[PDB]
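Read through the structure below, which is laid out as structure tokens, and then see the notes.
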Amino acid sequence: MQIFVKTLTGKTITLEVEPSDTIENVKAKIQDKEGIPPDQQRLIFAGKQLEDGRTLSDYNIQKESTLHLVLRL
Amino acid sequence: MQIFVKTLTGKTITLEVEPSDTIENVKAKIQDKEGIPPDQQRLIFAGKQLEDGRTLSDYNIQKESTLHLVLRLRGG
Amino acid sequence: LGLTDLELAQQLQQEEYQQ
């Protein structure tokens, strides 16, 4: 399925994912498109920071959901 | 080219700059509009703190990019 | 949650930038 990640610079990143993808997998896919290392990524969805060992399904992140990306220095 | 500099208070400064401008030059342009001395200005782009020696081109800062300006106290 | 995620993300990025 498609999900979207919005950066705070206004850019939307589109990823192809499955419900069983872990948050780490999602961060690695962001790294493949943007070059941002996983350790500098904070992903926010439904008021929560998403945790590495959980899956999209665990957070009820469904098709065409939007995550927000916060970058650490 | 036009770039935007956003403070952490939400205020947006618009500048005219060239890709060959150094970060220091950019800070001096901020000083001309706001009065903030370059030595109290910290500029950030895409999760990186910008260094005075480097140019906008070095950082891949293109037209209509937004830089983030963080202000710091003067030591003395 | 409407604009919660955007406004939270903006505030957090900002917290990151103050570091």
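Just so you know, these numbers use all the heavy atoms, side chains as well, and skip hydrogens, waters and symmetry mates. Here is how names work: the chains are called A, B, and so on, in the same order as the sequence lines, proteins then strands, and each is numbered from 1.
Contact annotation: the side chain of B:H68 approaches that of B:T66 to within less than 4.5 Å [non-hydrogen atoms, C-beta and beyond]. Counting only heavy atoms from C-beta outward, the side chains of B:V5 and B:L15 approach each other to under 4.5 Å. A:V17 is listed as a side-chain neighbour of A:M1, based on a closest heavy-atom distance under 4.5 Å. Inter-residue side-chain proximity for A:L8 and C:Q10 is flagged as met; some heavy-atom pair is nearer than 4.5 Å. Two residues are said to be in side-chain contact when any heavy atoms from C-beta on lie closer than 4.5 Å; B:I44 and B:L50 fail this criterion. For the pair A:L43/A:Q49, no side-chain contact is recorded, criterion being any heavy-atom separation below 4.5 Å from C-beta on. In this structure, C:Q13 and A:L71 have side chains that are in contact, with non-hydrogen atoms separated by less than 4.5 Å.
The salt bridge (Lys or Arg N to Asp or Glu O under 4.0 Å) search around B:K63 returns none, not counting sequence neighbours.
C:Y17 contributes no side-chain N or O that, together with a main-chain N or O of A:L73, makes up a donor-acceptor pair within less than 3.5 Å. Side-chain N or O atoms of A:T55 include none that pairs as donor or acceptor with a backbone N or O of A:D21 at under 3.5 Å. Judged by distance alone, with hydrogens and angles left aside, the side-chain atoms of B:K29 form a donor-acceptor pair with the main-chain N or O of B:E16 at under 3.5 Å. One N or O on the side chain of B:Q41 and one on the backbone of B:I36 form a donor-acceptor pair closer than 3.5 Å. Looking at B:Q40, its side chain never comes within 3.5 Å of a backbone N or O of B:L73 through a donor-acceptor pair.
Side-chain heavy atoms closer than 4.5 Å link hydrophobic residues (I, L, V, M, F, W, Y) into clusters, and following such links, possibly through other members, connects B:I13 to B:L67.
A:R42 and C:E16 are joined by a salt bridge, as a carboxylate oxygen and a charged side-chain nitrogen come within less than 4.0 angstrom of each other.
No side-chain N or O of A:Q2 forms a donor-acceptor pair with one of A:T14 less than 3.5 Å apart. In this structure, a donor-acceptor pair under 3.5 Å is present between the side chains of C:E15 and C:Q11.
Considering all non-hydrogen atoms of both residues, A:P37 and A:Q31 come closest at CA-NE2, 3.8 Å. The shortest non-hydrogen separation linking B:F45 to B:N60 is CE2-O, 4.2 Å. Closest non-hydrogen pair, B:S20 versus B:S57, comes out as N-OG, 4.5 Å. Contact between A:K11 and A:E34 at its shortest, heavy atoms only, is NZ-OE1, 2.8 Å.
With rounding to the nearest 0.5 Å, the separation of OG1 in B:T12 from CZ in B:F4 is 8.0 Å. Note: C:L8 CG to A:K48 NZ = 12.0 Å, rounded to the nearest 0.5 Å. Rounding to the nearest 0.5 Å gives a distance of 5.0 Å between CD1 of B:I61 and CD1 of B:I23. Rounding to the nearest 0.5 angstrom, the gap separating the CD atom in A:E24 from the CD atom in A:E51 is 10.5 Å. Annotation: the span from A:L69 atom CG to A:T7 atom OG1 amounts to 7.0 Å, rounded to 0.5 Å.
For the pairing with B:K27, the salt bridge (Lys or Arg N to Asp or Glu O under 4.0 Å) check across B:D52, B:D32, B:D39 returns one residue only, B:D52.
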